[PDB]
Each structure stands twice: as structure tokens, then as C-alpha cells.
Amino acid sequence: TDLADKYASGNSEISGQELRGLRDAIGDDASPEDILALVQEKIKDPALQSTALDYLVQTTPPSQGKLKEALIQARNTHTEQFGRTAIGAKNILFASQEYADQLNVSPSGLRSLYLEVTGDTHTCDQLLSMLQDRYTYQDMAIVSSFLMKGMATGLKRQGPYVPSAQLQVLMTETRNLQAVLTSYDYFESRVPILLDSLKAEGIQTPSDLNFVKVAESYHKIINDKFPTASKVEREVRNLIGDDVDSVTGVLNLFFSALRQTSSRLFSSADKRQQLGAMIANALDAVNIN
């Protein structure tokens, strides 16, 4: 219809009514300062503020030449003041809205996270620790995909804020995160099944035992570049105790994980194969021969 509606049509965080309302509040004789003040007042999120400013500059007719000049200056000052907080967030606006629709998080919450993640160097582990406090594990998969989608967008634009080489490393680390998540996803499902099984035969398991603990042990074992049956057995015993059926159950779970978790988890085919062997060896040592 009109220009305000076109801006707002695919944008779930603003309406044409709200854009026109901002436009109608700004007089012909408004200064850049006056403009910015009204923008912060009516629009809370910097990305939407930046979007509204684009609209104001574009919709202002020839008769209001002085206003248009003031708006252009005002938008420039806004971009200078907020920087990536405005422009970077705005460039992932629609992505953030589509992904937030699948979560119990706000689109702005996702944009804040993206800015934080890509705003500095981050390893796989640092990304994990970051997500662990903020999200459930099942939500982390979607969140990780949002991060990848945003960074893929950042590679095309080749912006001034975050260098290309950094995005490449960030995407690599995030891919590693997604691989790590497969383990947590796997154990979250299977561990309660093991616990119910052990309970069904009257075997008590440690109260401090959960799928997160098991997943961390799994990764500790995988990240051991020289696996032995002894070390694997000891790790399992520290995890669930000394009951033979309990130890065996975890070992079988670890072995099954080798074909159910991401191939990216293993830096070499040799160690994956060797780890399979050592778990198999640990199972034999544990059971009564």
C-alpha cells in the first residue's frame, strides 16, 4: 500500500502504524537532534530505530527538503553512535525473527547473542558454556543454526565490523559445537533409559549422575589421544560406581555413541577405531570370564 506498510510487511517487530506515527510526530523544522530524540522515544530496539530512520529518509517528499537533509544527517549520526549494534543487528533482523518464532526467546535476544558471539574470538567450548546457561539443550540446535545462518550472511556482505577470516573460524567452531551437541542430545535420551533399566533390576545408581555428566565423560574419553581399556574403565567407574551391570551399561552406551554421534567429533579415523577397540576391551575385562 503505502511505504510504511512495505517496510513493516515482513517485519514482526514493527507496524506501518508505528512508522507513520513516528513520521507524524516529526515536524518540518525538526533538527537532527530532535529527530533522534523522538526515535529513541518511540522505538526501543536500535536495529528497528535504524530501520525506522531508513523509512523516514525514504518517505520524505520534495516539499520537505530541509527535513530530508536533517533526517539524512540524523540517520548518519545514529549509525555512527550505535555502529554494529544498529547495522549488524538490522542485517540479521528477518533471520532473527524467523528463528525466534521456533523458540521461547525474543528476536532481539537472538540478535544480542549473535552480536556477542561474533563480536569476539570464541572456541567451541566457550560457545558451549555460553549457551549452557541461557538455553535448554534441545533449543541449542536451533540456536546454533541461527548463528550459522547469520555468519553465512556476514560472509556475503563482507562488512567493516567483523573480518572475513574471523567469521570462517567462528563458523568452524560453531560446526564443532553442533557436533558436540549431538552427544548431549544422544545421552539425554538414552541415559534415563539406562537408569530405568538398572532400577528395574534393583540396582541403585549415584544421585550425582546425569546425562550432562555422562556426555562430559564421553568427550573426555574422545579427547584422550591415547585411549586404553584401563582409562576408559576407570572413567566409567568414577561416573556410575563399581556395579558390574552399571559399568557395562555405560560402556555399551559409549560404544553405541560411536555410531550415533557426529563424525566431526573425531579428529582422526584411527582414534575412533582405537576407542571402539578399547571400549570393547573394557567390556571384556569388566565381565566375569
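All residue numbers are counted from 1 along the displayed sequence.
Stretch with the higher entry mean CA B-factor, where the candidates are 1-9 and 280-288: Mean B over CA atoms: larger for 280-288.
160-168 or 118-126, whichever carries the higher mean Cα B-factor: In the deposited entry, the stretch with the higher C-alpha B-factor mean is 160-168.
Selection from 113, 200, 100, 151 [criterion: highest C-alpha temperature factor in the record]: In the PDB entry, the greatest C-alpha B-factor among 113, 200, 100, 151 is found at 200.
Maximum C-alpha temperature factor, selected from 249, 27, 65, 46: By C-alpha B-factor in the record, 65 ranks first.
CA B-factor placement of residue 55, once the chain's modelled residues are sorted into thirds: Lowest third - that is where residue 55 ends up once the chain's C-alpha B-factors are sorted.
Residue 71 - which third its CA temperature factor falls in, relative to the rest of the chain: Middle third of the chain for residue 71's C-alpha B-factor.
Where the record places residue 84 (Cα B-factor, split into thirds across the chain): Highest third, going by the recorded CA B-factors of the chain.
Modelled-residue ranking by C-alpha temperature factor, third containing residue 263: Lowest third.
Ranked C-alpha temperature factor of residue 196 among modelled chain residues, by third: Tercile = middle for this residue's CA B-factor.
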